[PDB]
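See below for the structure under consideration.
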Amino acid sequence: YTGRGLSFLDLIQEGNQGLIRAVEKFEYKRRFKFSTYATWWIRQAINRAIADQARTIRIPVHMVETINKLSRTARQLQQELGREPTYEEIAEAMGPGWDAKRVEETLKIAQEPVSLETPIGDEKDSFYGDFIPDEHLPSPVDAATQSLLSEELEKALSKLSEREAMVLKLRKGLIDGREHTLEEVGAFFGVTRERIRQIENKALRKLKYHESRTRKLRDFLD
Amino acid sequence: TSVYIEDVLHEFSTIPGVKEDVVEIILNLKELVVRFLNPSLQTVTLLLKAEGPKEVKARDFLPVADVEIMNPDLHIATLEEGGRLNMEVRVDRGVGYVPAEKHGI
Amino acid sequence: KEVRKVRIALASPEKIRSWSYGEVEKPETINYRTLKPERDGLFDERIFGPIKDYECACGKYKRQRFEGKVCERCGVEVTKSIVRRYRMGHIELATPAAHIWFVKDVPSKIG
Amino acid sequence: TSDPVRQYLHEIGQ
Amino acid sequence: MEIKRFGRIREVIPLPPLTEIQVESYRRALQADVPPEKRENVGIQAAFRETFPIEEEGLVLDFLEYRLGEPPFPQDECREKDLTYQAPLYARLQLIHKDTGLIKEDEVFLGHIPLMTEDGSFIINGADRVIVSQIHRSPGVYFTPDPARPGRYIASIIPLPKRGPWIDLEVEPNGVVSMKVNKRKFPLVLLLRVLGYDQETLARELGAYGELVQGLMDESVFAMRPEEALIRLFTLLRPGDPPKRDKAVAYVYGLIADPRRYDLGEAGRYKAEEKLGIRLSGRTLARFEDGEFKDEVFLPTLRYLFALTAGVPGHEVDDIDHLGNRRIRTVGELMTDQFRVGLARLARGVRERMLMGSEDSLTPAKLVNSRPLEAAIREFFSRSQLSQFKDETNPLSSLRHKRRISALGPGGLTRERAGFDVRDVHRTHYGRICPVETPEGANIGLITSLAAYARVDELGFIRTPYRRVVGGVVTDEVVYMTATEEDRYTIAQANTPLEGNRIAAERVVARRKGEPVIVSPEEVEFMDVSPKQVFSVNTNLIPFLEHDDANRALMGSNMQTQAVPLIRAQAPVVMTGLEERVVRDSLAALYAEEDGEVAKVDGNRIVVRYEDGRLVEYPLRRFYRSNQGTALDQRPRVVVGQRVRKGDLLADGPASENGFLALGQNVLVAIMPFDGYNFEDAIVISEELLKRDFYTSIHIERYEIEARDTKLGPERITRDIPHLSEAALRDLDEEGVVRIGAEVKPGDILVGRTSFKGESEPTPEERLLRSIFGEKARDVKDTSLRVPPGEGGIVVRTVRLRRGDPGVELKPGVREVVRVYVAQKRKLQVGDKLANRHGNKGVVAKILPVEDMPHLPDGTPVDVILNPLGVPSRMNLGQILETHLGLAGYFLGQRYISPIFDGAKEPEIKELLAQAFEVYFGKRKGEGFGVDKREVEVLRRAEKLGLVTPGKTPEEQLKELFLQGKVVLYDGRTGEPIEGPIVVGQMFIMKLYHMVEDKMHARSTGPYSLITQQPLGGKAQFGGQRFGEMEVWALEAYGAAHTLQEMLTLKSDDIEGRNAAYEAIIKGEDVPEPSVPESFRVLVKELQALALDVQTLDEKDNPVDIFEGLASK
DNA sequence: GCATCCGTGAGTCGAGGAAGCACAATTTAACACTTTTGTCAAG
DNA sequence: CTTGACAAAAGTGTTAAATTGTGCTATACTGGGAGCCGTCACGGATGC
Ligand SMILES: [Zn+2]
C-alpha cells in the first residue's frame, strides 16, 4: 500500500490498529486460521487511514471512494479509446445520476493543494509564495481613501442639525455598531418610529441638496 | 502620412492575392514623392484601385488636380490573379521627421 | 514604552500553554466544500481568531460593537482578523519529545 | 539505527 | 551587390546537418519507421526487451512488438490549443499461463510519446521546448592515481547513471585489496571468493607481480566455501538482516549481476573491452548462471590495477576529464532512460497486481497500468532541468540551443559543486567542443556548444573528421574519429600549404597527443578538414576571428544569439559563408523540394507546380509569436511563373535576406569619441536610421484571461462592466473582447470580465454614501484584463477557447479562456542595446539628427559613432578589419565572404581600398572638384603625425589615408573638419533582445507578500526593488539612519506605518514616525513556535508588548 | 599526536509561477408560521 | 408630534434529503525498496 499519500510506517501502525481490532473480533470456533480474518481488518484499517490522512484538505471516505471509482473508470475508458476521454464518456460510464458537470466538480474537488515552497528555475532562489499577493489586508490606497471618505462624510454631516446627524449615524452604523433600527433609535430619543423615519429622510434630502450644490463627495462612490 | 487599405484592419496583416504584406506596402509608400502644384494645398488623398495579375506602381494612382508623382516607376505591390488592392493614401505637408506615434493621423 | 533589549530563553510547557489560545486536537485544515476552517483544526477560528474582522463563525455578531466579545454559539472572539497572525496554538503530546536543537547540535547539551 | 524501518523490522523479528 | 570570396583552403566535405544531434538520436530511439521485425535492441525497444518478460514466480507477461500511431493533432493545432504534440504508443503483449498452457494476446495502449518536429524541438503543452544533451563521465573502468598517497592507484567501476553503484578498488597499506560499494568498504578477497576463484588460479594469474598477490591471499576466506563466503559478504554489506541464502544471493545478484538493476551500458562495455582487453558477454559485473556466480570484470580490473602499481610499460592511468572518457547523452538516451524508469514502475505495478484477483481470468490489458509511464514521461518533458524552454529569438538562437551540451541536470554536475577541472578546456576539445563559446558567469565551462563538424557517435563519444594523409599527399578520405583514437596519430593543420595534394612546406605544424609539434611531411598522418571544425556555429559566423580575443569573441558569439529579427534585416557585408547553411539547416526559410514552376504567390501561401505536375501548397507562417515574443514571419521571394531549381529559395524566414542569415543592419560606422555620448561603450546613432526604418522590429505580447466557475457564481466575460463609462468600453465589441486592429495603451481594457462579489456587508461610510446617492450596490465587480504599464500596441489576434471544444482540455472549473495577441512595432530608441559580431556592445545613448552627425566630403553622413577606446582594452581588432572591408565594399558596391583563419588579409583589404578610393576620387574629379581646404589642413596635420608621406600631392596623401582605412571626416555642427582622419567604414550591427522598453519599471504602492507583508518582486507582478544586505551596509556607511529605517519599516512592511505615511503624503503632511516591522513579528512568532521565549524589554527590563495586546490572553 | 566522521559554508541584482456495502449520526435546503420592522396614509 | 393598516426581511420550528462516519467483509497470505555520484576547506569531537 506504499506510495498512496502515507509513509510506510504510518501504514504499518494503522494496520497494527486493524490487527488489534481483528484480535478483538477473532473467533477460533470456525476453525479458520488467524491470517484469513486478520487480513480483512488490516487492509480495511490501512485503506481508511489512507482515505482520512493522505490529503492536506480532508475528504470524507465516501467522497474518496467516489473519486477512486471515477479515476478507475476514466483510466479504463482512456485505455479503451486510446486517448483521454471527455467528461461526457466518463459520466456515461459511471452510471445513472452522473453528468459532465458532476464529473467536472468531482475532479475539481480532487485537486490536491500545491506547496508554497516549490522552487521554480534552475537556481533554488524562488518559490510560489513570492508570486502570490496578499489580498486580505487593505492596501495603503484603500486605507487612505477610506480615511478620506470618513473625513469628507464627517465634514458633510456638520451641515446637518445636531439631532439629524446623530440619527443618521445611528441608522448607518457610524458609531461602529450595527445599524440601529427605527424603533431602537426612536426609543433612544423617546420618539415614535414614523417621526424618526421622516427626520432621517429629511436629513438625507438635505445632504443630497448639499452634495448637488457642491459635488465634493461623488468621487468616493465609485 | 496615412494609409487605409480596404478589408485591412492593422498594418500587421497580409492582404490576400498580394505578395507583399501591409508593412512592405507602407515601406514602399514611404519612398513616394508627391509634388503639390498649388502652394495653398496642405493635404491630398490619392486613391489606388487595381486588380491582379499586375505590378501596381506609383503611376496607378488616380490623377488629382495640382498633384504630381515625381517617381511613377516606384514599385508599390505585386497583385496576383484574383487579388484586389483598393486603398487611400493621405499625404500632408510639413517639416522635419514626425513619427507615426506623435501625429497619429 | 521603547524596546531596548531582547531576551531569548527556554519556554516552559506552562509558558507554552499560556501562549496558546487552545489545543489543536485535529489535523483537519479546512472543509473541502464550504472552504471554512474545521473546528479544533490547524486553522480553527475558535483558537486563532476570525478570518475577517468582527465576524464570528456562527454569523451572529458582525460589527465592532461587540469588540472583545466571545460568541456563545461558536466561541470565536469578535475582534480584528489580524490577530490570526499573532495567536498561537499548542499540541499536547501524549509522551514527551526531545527538542532536536538540544540533541544533534554538537556538543549535545542534554548529553 | 538511522533507518526506523530497519529498527522496527529487527524488533518484530524477535 | 556581387559577392567576392576569399580563402585558399578547399573543404573536401560539407557541414553535416546541424540539427542531426537532436534528430538522428530521437529517430534511433523511436524506431517508428523500421518495421518491428527489423528493430534492433536499442532505445525504448531495448527497454521493452530488458524489463519484459514479467514473471510472477506460472504467469508470464511477454512483449512482442510496439507501434506508434499518427498524432491526434497537427503541430499548429497543438500550439494553438496548448496541447502536446505526441503520438499514441500501443504495446502488443501476451499472457501465458505456465500451468494451464494458454496464451491471451491483445494490443494494450501504453499512452503517448511526444514527437519531435522536423527542426528538432518538441511541443510540450503548446510551448516549444528543447532537450539539451548532457555531458557526463563515460561508464567503464578507470584507474586514477591516489592523491593522498603517492605511488598508489585506485580502480573505479562506473555504470550508467542511476543504473548501479560505483565500485572502488584500492590497495590498503596492509597489502589487502579493499572493495568499496555504497560507502561500505570490505575485503575484496571475500567477493572474489564468491565468484568461485581458488588460490591456484589467483597465484597463476596475478602472481607475476609484487607483494599485492601475496596480500590478496587470506586463508580465512579461501578455505571458506563460496556459499558461506556469500553469506558473510551479505552480512558485511547489510547488517541486522537475518542470514538467509536466498535473500543473500538475490541481493548480490541485484547488486552486481542483475541486468535490470545493474547496466554498465554499451559505452561502458566498449570502454571496458578497449581498456582491459577482454570480451564481456553482457553489461554486468558478474554473471549468475547455473546457480552460481561467474566473474566478468573484477579479475581483469584487479590484474590491470596490480600491473599499473608494478609499473608495466603497457598500462597507464586514465584521465577523468579526457573527452574520450566523457560521453554525451542526447535526447534519445535521456528519453530512453525515462521510458525505462516508467516501464519499470509499470512492471512493478503489474507484478503486484497479477498475483491478486481472478488469476484464472486475466488479460494483459487489465494488468497493465500505464499511468506511471505517462507520468514519468510528462515529468521528464516538463519539469526536467535538461528540458529547457526553447530560445527562438532568431533561427540562429534555436540552432545553437539544439546544439548545446550541459554538464548539469539530473545525474550530472552542479553549478556550485564544480571545480576548475570540469570548467577548463581540455586538449581533446579540439574539433569536438567549441572552446570560446560558453555562458560567462556562474555557468562558464559547464555549458558548451558542439563544434561545427563534430558529431555524436552511436556510443555517445564526440567524433571529429580528419583527412587521411599517406605518402605525403592529402587524400579525400575523411575519417570521423574520437579523442582516444585521435591521440594515436600525428595530425597536421588545415592551413598547411599544399601544391595540389602534396604538402609543400618542409616544416609542418602538427599535433601529437594534443601538443603542438613541428614535423616533416613524411611524418604527417592526418590533416584537419578545415579551421571551421574547431569552433561552433556562432563562432564560425564571426569574420576575422583570428584578430579577436577569446574573452570578447565569447561575448560576440553569445550575443549573436540574442539579435532580434528586423523588418528590413540585411545580410552582413563581410560574411564567413555559413549564413546560407545556417538558414537552410534552421528550417526557418522555405525551399523547393525539386525542380518546378511557381504557380501562385501570396503573402499567406505559395502554390508550386513541380515537373511531375503535382500542385504543392506551402503555407507561410505569418506574424507568429515566438517563445521570446519576437514576430516570426516568412516573406515570399518568388513571383508567379518563375521557374525554380531544386533547393532554391521560396520564402525568406525570420532574420534572413535571400537565404542569408541577416541578424542586423549594415550601417556606416565612424570610430571616434563624440561629446562624451560614446563614454563607456555607449553608442551614438543617427536619426537617418529611424527615418528609413532600420533596427525596427515587431514584438507580439500575449495576454491571457480565464472565466471560471465560482461558488459565488460563474464569472462572465461581457462588455457590460459596471461603473464604467462608454469611453473605456469604446474598443470592446459585443462579446467583451477588444476588436482586432484597435490600438491599446496602458490602462486600457483588452477583455471585459465581471466577477461576483463576496457576500459581505459594506463599511458604514460606503453604506451612507450609497444611501445619499440612492444607488443600490450591484452584485458584480470589475475583474477585467487591462494592459500593464509600459506595454501596449495593436491588437492583432484574439483566440477564444470554450469548454467542450474539440481537443481543448481546459482545467476543471474553468468555463473559458481568452488570449489576446497584441503586436507593437518597436523602433530604435535611447537605452536599446546594440552589438556586433566581435563583442562590442552598448546602449544607444543619443539619437542625433542627420545634420549633426559627421559627414564624408561627398556629403554622406555616418550612421553610427563608436568609441575607439573599446578596442585597445578588449583586444578585438577584428571589428577594425571588418570596418575597413565594409568601407571598401560600400565604395565598390560589393559584399565579401572571408572565412575564419583563412580569408581576407591586410594586402587584399588594402588593394580593395585602393580600388574604392580610385572610384571615389575619380567621381569627384569627373564632377569637377579638386581638394578641399579642410582636406588640405587635415592632410597637413596627418603628415605632422606621420600618417602620410611628406612631399606627396594631396591626392596621393588622401589615397594613403584611404589605404589606412581613414578618411577626412567633417563635423556636422561646426563644419570644420575633425583634426585627424577618422576610421569610417560599413559595419554589421545587431539589435539585441535586451531593450529598455521591457526593462524599465517603477512602483509606488502595489501587491504585498503573504507572510512577511513585504512588496513582491518583478516587473510582471508589479513589485518593488530588492534592498538587500549590501545596500543596507552602504546606508550604514553613509550613516543615513533615518533613510535606512524608512526603507526597512515605512516603505517595506510597517503596515500601519506605510498606511499612515501614504495618508500623510496625500494630505500634504510629513510621514509619521515608523513602528516595529511585521518581519520582526514573524521572527518572534516563529522563534516562539520553536519553543524559544523571545521577549522584548525596556530600560527597566520590563516586558514590552510589540503586538499591541493582540497576542495576549 | 593523528586518522576520521559530521556539520557548515561557499556574491549581488533581474527573470524566471488502486474496494464496496449497509446503516446510523450530523447538516442543511425547503417550506410554514409568527415577529419585526419600513413605509404609507391621516392630520 | 401622534395612530392605525399593509408588505416584505429575518428568525423560529419541522421535514426529509444530502452528507458524513463508523462497522464489516472468515481458504491462506507473517521482515522494504531505493539508491547508488565529480568539492574544498575549516572547526570539532571521536576515538585509537
Ligand atoms: Zn459566533
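As shown in the C-alpha cells, the chain order sets the letters A, B, ...; within each chain, residues go from 1, and ligands are also counted from 1 in the order they appear.
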Give me, as a PyMOL selection string, all polymer residues having an atom no more than 12 Å from residue 14 of chain G, counting only C-alpha atoms (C1' of nucleotides) and skipping those fewer than 6 positions away in the same chain. chain F and resi 30-33
Return as a list in words the residues of protein, DNA or RNA that approach ligand 1 to within 9 Å, with only C-alpha atoms (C1' of nucleotides) and all ligand atoms taken into account. residues 55, 56, 57, 58, 59, 60, 61, 62, 70, 71, 72, 73, 74, 75, 76, 77 and 78 of chain C
What residues in chain F lie within 12 Å of chain C, counting only C-alpha atoms (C1' of nucleotides), written as a CSV table (one decimal) with C-alpha atoms (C1' of nucleotides), in the first residue's frame?
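So result-v4.csv came out as:
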```csv
chain,number,residue,atom,x,y,z
F,6,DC,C1',30.0,15.1,11.0
F,7,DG,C1',28.3,19.7,10.2
F,8,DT,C1',28.6,24.3,7.8
```
Contact table chain G vs chain A, cut-off 7 Å, shortest pair per residue, only C-alpha atoms (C1' of nucleotides), as CSV:
```
residue,atom,partner,partner_atom,distance
G:20,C1',A:60,CA,6.8
G:25,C1',A:40,CA,6.8
G:26,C1',A:37,CA,5.1
G:28,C1',A:36,CA,5.9
G:29,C1',A:35,CA,6.9
```
Restricted to N, CA and C atoms (P, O5', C5', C4', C3', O3' and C1' of nucleotides), what would the selected residues look like written as a CSV table (one decimal), in the first residue's frame?
```
chain,number,residue,atom,x,y,z
G,20,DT,P,-19.8,15.9,3.0
G,20,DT,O5',-19.7,15.0,4.4
G,20,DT,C5',-20.1,15.5,5.6
G,20,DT,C4',-20.2,14.5,6.6
G,20,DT,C3',-18.9,13.6,6.8
G,20,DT,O3',-18.3,13.8,8.0
G,20,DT,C1',-20.8,12.3,6.8
G,25,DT,P,-17.5,-9.5,10.2
G,25,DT,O5',-16.7,-10.3,9.1
G,25,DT,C5',-16.1,-9.5,8.0
G,25,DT,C4',-16.8,-9.8,6.7
G,25,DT,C3',-16.1,-10.7,5.7
G,25,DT,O3',-17.0,-11.4,4.9
G,25,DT,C1',-16.2,-8.5,4.9
G,26,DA,P,-17.3,-12.9,5.2
G,26,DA,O5',-15.9,-13.5,5.7
G,26,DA,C5',-14.8,-13.8,4.8
G,26,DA,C4',-13.8,-14.7,5.4
G,26,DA,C3',-14.2,-16.2,5.4
G,26,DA,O3',-13.1,-17.0,5.1
G,26,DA,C1',-13.8,-15.5,7.6
G,28,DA,P,-7.9,-21.2,6.3
G,28,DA,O5',-6.6,-20.6,5.5
G,28,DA,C5',-5.8,-21.4,4.7
G,28,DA,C4',-4.5,-20.7,4.3
G,28,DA,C3',-4.0,-19.7,5.3
G,28,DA,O3',-2.6,-19.7,5.2
G,28,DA,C1',-4.5,-18.6,3.2
G,29,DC,P,-1.7,-19.2,6.4
G,29,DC,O5',-0.7,-18.1,5.8
G,29,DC,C5',-1.2,-17.1,5.0
G,29,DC,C4',-0.3,-16.7,3.9
G,29,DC,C3',0.7,-15.5,4.3
G,29,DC,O3',1.8,-15.5,3.5
G,29,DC,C1',-1.0,-14.7,2.8
```
Give as an mmCIF file with C-alpha atoms (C1' of nucleotides), in the first residue's frame every residue of chain F that touches chain E within 10 Å, counting only C-alpha atoms (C1' of nucleotides).
```cif
data_model
loop_
_atom_site.group_PDB
_atom_site.id
_atom_site.type_symbol
_atom_site.label_atom_id
_atom_site.label_comp_id
_atom_site.auth_asym_id
_atom_site.auth_seq_id
_atom_site.Cartn_x
_atom_site.Cartn_y
_atom_site.Cartn_z
ATOM 1 C "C1'" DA F 10 30.778 28.888 -0.358
ATOM 2 C "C1'" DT F 12 24.575 40.900 -5.682
ATOM 3 C "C1'" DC F 13 20.628 42.455 -8.685
ATOM 4 C "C1'" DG F 14 16.612 40.606 -12.738
ATOM 5 C "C1'" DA F 15 13.762 36.972 -14.863
ATOM 6 C "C1'" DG F 16 12.316 33.231 -14.386
ATOM 7 C "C1'" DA F 18 -5.559 1.148 -6.832
#
```
Just the strand (DSSP E or B) stuff from chain C, please, per backbone DSSP, written as a VMD selection string. chain C and resid 5 to 10 23 30 37 69 to 70 77 to 78 90
What are the nearest atom pairs, with distances in Å to one decimal, for all residues of chain A that come at most 10 Å from chain C, using only C-alpha atoms, set out by chain and rising residue number as a tab-separated table?
```
residue	atom	partner	partner_atom	distance
A:52	CA	C:28	CA	9.6
A:53	CA	C:27	CA	8.5
A:55	CA	C:28	CA	9.4
A:56	CA	C:29	CA	7.0
A:57	CA	C:29	CA	6.0
A:58	CA	C:28	CA	6.0
A:59	CA	C:32	CA	6.7
A:60	CA	C:32	CA	9.3
A:109	CA	C:32	CA	7.1
A:110	CA	C:32	CA	9.3
A:136	CA	C:52	CA	8.5
A:137	CA	C:82	CA	8.2
A:173	CA	C:63	CA	8.8
A:175	CA	C:65	CA	8.2
A:176	CA	C:64	CA	5.4
A:177	CA	C:65	CA	4.3
A:178	CA	C:63	CA	5.7
A:179	CA	C:63	CA	9.3
```
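Between atom CA of residue 827 of chain E and atom CA of residue 695 of chain E the interatomic distance comes to 6.3 Å.
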To one decimal place in Å, what is the distance between atom CA of residue 47 of chain E and atom CA of residue 64 of chain E? 12.8 Å
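Look at segment 1-12 of chain D: the protein and nucleic acid residues within 10 Å of it, using only C-alpha atoms (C1' of nucleotides) and passing over chain neighbours fewer than 4 places away, are residues 8, 9 and 12 of chain A; 239, 240, 241 and 242 of chain E; 31 and 32 of chain G.
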Can I get the residues of chain G within 12 Å of chain C, each with the closest pair of atoms and their distance in Å to one decimal, using only C-alpha atoms (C1' of nucleotides), sorted chain first then ascending number, as CSV?
```
residue,atom,partner,partner_atom,distance
G:11,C1',C:60,CA,12.0
G:19,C1',C:33,CA,11.2
G:43,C1',C:106,CA,11.5
G:44,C1',C:106,CA,8.6
G:45,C1',C:107,CA,7.8
G:46,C1',C:107,CA,11.9
```
Those selected residues, please, written with C-alpha atoms (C1' of nucleotides) and delivered as a PDB file, in the first residue's frame.
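The resulting file, part-v9.pdb, is shown below:
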```pdb
ATOM      1  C1'  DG G  11     -35.982  34.271  12.640  1.00  0.00           C
ATOM      2  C1'  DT G  19     -23.896  14.427   3.542  1.00  0.00           C
ATOM      3  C1'  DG G  43      36.064  23.766  13.094  1.00  0.00           C
ATOM      4  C1'  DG G  44      35.458  19.926  16.294  1.00  0.00           C
ATOM      5  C1'  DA G  45      34.597  15.965  18.566  1.00  0.00           C
ATOM      6  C1'  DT G  46      35.802  10.619  18.447  1.00  0.00           C
TER       7       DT G  46
END
```
Hey, what's within 8 Å of segment 6-8 of chain B if we count only C-alpha atoms (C1' of nucleotides) and toss same-chain stuff fewer than 3 positions away? As a PyMOL selection string, please? chain B and resi 11+13+15+85-87
I need the residues from that last selection saved to file as a short mmCIF file (atom, residue, chain, number, x, y, z; two decimals), in the first residue's frame (with C-alpha atoms), if you can.
```cif
data_model
loop_
_atom_site.label_atom_id
_atom_site.label_comp_id
_atom_site.auth_asym_id
_atom_site.auth_seq_id
_atom_site.Cartn_x
_atom_site.Cartn_y
_atom_site.Cartn_z
CA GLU B 11 -0.51 47.01 -40.56
CA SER B 13 -1.78 41.68 -41.69
CA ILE B 15 -3.72 41.09 -47.99
CA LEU B 85 -5.98 46.36 -53.95
CA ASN B 86 -8.21 49.32 -53.06
CA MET B 87 -6.51 51.92 -50.90
#
```
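Residues in contact with segment 17-23 of chain B at up to 7 Å, not including ones fewer than 5 positions away on its chain and judged by only C-alpha atoms (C1' of nucleotides), are residues 11, 12, 77, 78, 79, 80, 81, 82, 83 and 84 of chain B; 601, 602, 603 and 636 of chain E.
The interatomic distance for the pair atom CA of residue 950 of chain E and atom CA of residue 911 of chain E works out to 21.7 Å.
The chain E residues that come within 9 Å of chain G are residues 137, 161, 162, 163, 164, 165, 166, 181, 182, 241, 411, 412, 413, 416, 417, 418, 419 and 422 of chain E, with only C-alpha atoms (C1' of nucleotides) taken into account.
In the backbone-derived DSSP annotation, helix (DSSP H, G or I) within chain B comprises residues 22, 23, 24, 25, 26, 27, 28, 29, 58, 59, 60, 100, 101, 102 and 103 of chain B.
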I'd like the neighbourhood of residue 586 of chain E as a ChimeraX atom specification, where a residue qualifies if any of its atoms comes within 9 Å (using only C-alpha atoms (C1' of nucleotides)), though same-chain residues fewer than 6 positions away should be ignored. /E:18-19,119,395-396,398-399
For chain C, report every residue with an atom at most 12 Å from chain E (counting only C-alpha atoms), formatted as a VMD selection string. chain C and resid 1 to 22 33 to 35 47 to 49 52 to 55 59 62 to 64 68 77 79 to 91 98 to 102
Name the residues in contact with residue 142 of chain A at a cut-off of 12 Å, using only C-alpha atoms (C1' of nucleotides), excluding same-chain residues fewer than 2 positions from it; report them as an NGL selection string. (:A and (135-140 or 144-149 or 220)) or (:E and (1005-1006 or 1058-1060 or 1062-1063))
Emit the selected residues as a PDB file, in the first residue's frame, including C-alpha atoms.
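And here's part_16.pdb as it stands now:
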```pdb
ATOM      1  CA  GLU A 135      -5.422  40.341  -0.866  1.00  0.00           C
ATOM      2  CA  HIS A 136      -6.705  40.254   2.733  1.00  0.00           C
ATOM      3  CA  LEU A 137      -5.143  43.272   4.437  1.00  0.00           C
ATOM      4  CA  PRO A 138      -6.210  46.623   2.935  1.00  0.00           C
ATOM      5  CA  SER A 139      -3.721  48.292   0.630  1.00  0.00           C
ATOM      6  CA  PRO A 140      -2.342  51.734   1.559  1.00  0.00           C
ATOM      7  CA  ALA A 144      -6.147  56.272   2.537  1.00  0.00           C
ATOM      8  CA  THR A 145      -9.378  56.513   0.553  1.00  0.00           C
ATOM      9  CA  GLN A 146     -11.361  55.085   3.477  1.00  0.00           C
ATOM     10  CA  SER A 147      -9.916  57.769   5.759  1.00  0.00           C
ATOM     11  CA  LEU A 148     -10.642  60.454   3.154  1.00  0.00           C
ATOM     12  CA  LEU A 149     -14.227  59.217   2.798  1.00  0.00           C
ATOM     13  CA  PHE A 220     -15.816  58.279  -3.439  1.00  0.00           C
TER      14      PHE A 220
ATOM     15  CA  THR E1005       2.390  51.027  -3.984  1.00  0.00           C
ATOM     16  CA  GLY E1006       1.321  47.584  -5.124  1.00  0.00           C
ATOM     17  CA  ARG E1058       3.091  52.584   5.497  1.00  0.00           C
ATOM     18  CA  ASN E1059      -0.650  53.315   5.524  1.00  0.00           C
ATOM     19  CA  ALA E1060      -0.124  56.369   7.734  1.00  0.00           C
ATOM     20  CA  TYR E1062       0.730  57.292   2.410  1.00  0.00           C
ATOM     21  CA  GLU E1063      -2.187  59.112   4.053  1.00  0.00           C
TER      22      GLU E1063
END
```
